[PDB]
């Protein structure tokens, strides 16, 4: 005999209900902000809303299901399976939304000119609907036959006094552990997580490479410039002008990120001034070419230096934003890996004693807290969400 089980159950139920309240309120706020602000109405945030909708359903459905199944109540085994497995649908939907966000940010930084013609809202909405259908198929797969309903625990069934066709509804009695470990964890969770890690790695490498190319063109522009002011040879000045023209056409085609009329004007003055200094160089007028090339220092100061700064800050904002979204993925893995790792010990080590009950429910509670944290990450790291949060709160609550 030990402590009455209702005492520890009261702690678990209260904590679960506290999580459900916060998960609903915070993610309702996220959906409200995107509905309200057109600046937040882009393809990237449609998956953020699909992700927020999954977390609302954790508080509205998954946590009540979790409280129910903790009692071990008698139920038809396939009704028990739906109660046990529905949270796997919502978690799989979250993985699809996170994977789509990473790929979306990869397309945006790799092919900026082709982004809006390739990634549209209509295609995004279709991708979201397909991912929700696949999430139900993956998460509810044990209902298709991969379950332990055919091997019921008759000791627990008779102890709790279940009827005919009923089982004591406990998670590890109806859901097989080889599904949870091989199918759910390895194939459906671990593999997509590693792919997300690789995509974001490709995002950060692409940004670092584009910034280096921008810096390379810039110092190449100034290096040949100081070289022209030195060489007493006309061909030596022509050499610098040619390696100066390539870096000009390079940086021009490098960063367009019509309305950018200055970018064409500022670069047409530059390339046109270089071509002028070239015709002087070919005709042997060395000091006339050196004097013409000194005009570049004005076009550079009045146009080219302004495009480099605007291009660098655009890439730094993309890095900061992809860093914000990668935190979402890291907090997801942090909240869900303990449960998966416990299942591995249960499955792979039959000589190990089972993890204690209090640790099992701490891992369950921890996985539910993930449906609370994302709105905080948005509020702290994305200014457009933070500002829209204030407007909603100050005006409609206060």
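Rigid core here is just the name for the largest C-alpha set that superposes within 1.5 Å across the two forms. Numbering follows the first chain given and starts at 1.
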query: More variable segment, 231-239 or 87-95 [Cα RMS over structures in 8 other deposited structures of this protein, core-superposed]; finding: 231-239
query: Absent coordinates for residue 155 in a third or more of other compared entries; finding: no
query: Other entries omitting residue 283, at least a third; finding: no
query: Count class of coordinate-free deposited residues lying between the neighbours residue 257 and residue 258; finding: 4 to 9
query: Mean C-alpha temperature factor, higher of 3-11 and 389-397; finding: 389-397
query: Of 161-169 and 223-231, the one with larger mean CA B-factor; finding: 223-231
query: Residue, from 90, 177, 196, 270, that the PDB entry assigns the highest Cα B-factor; finding: 270
query: Most elevated Cα B-factor in the entry, residues 247, 327, 149, 315; finding: 247
query: Residue 132 - Cα temperature factor, lowest/middle/highest third of chain; finding: middle
query: Third assignment of residue 236 from its chain's C-alpha B-factors; finding: highest
query: Third of the chain, ranked by Cα B-factor, where residue 320 sits; finding: middle
query: CA B-factor placement of residue 139, once the chain's modelled residues are sorted into thirds; finding: lowest
query: Chain thirds of CA B-factor: placement of residue 300; finding: highest
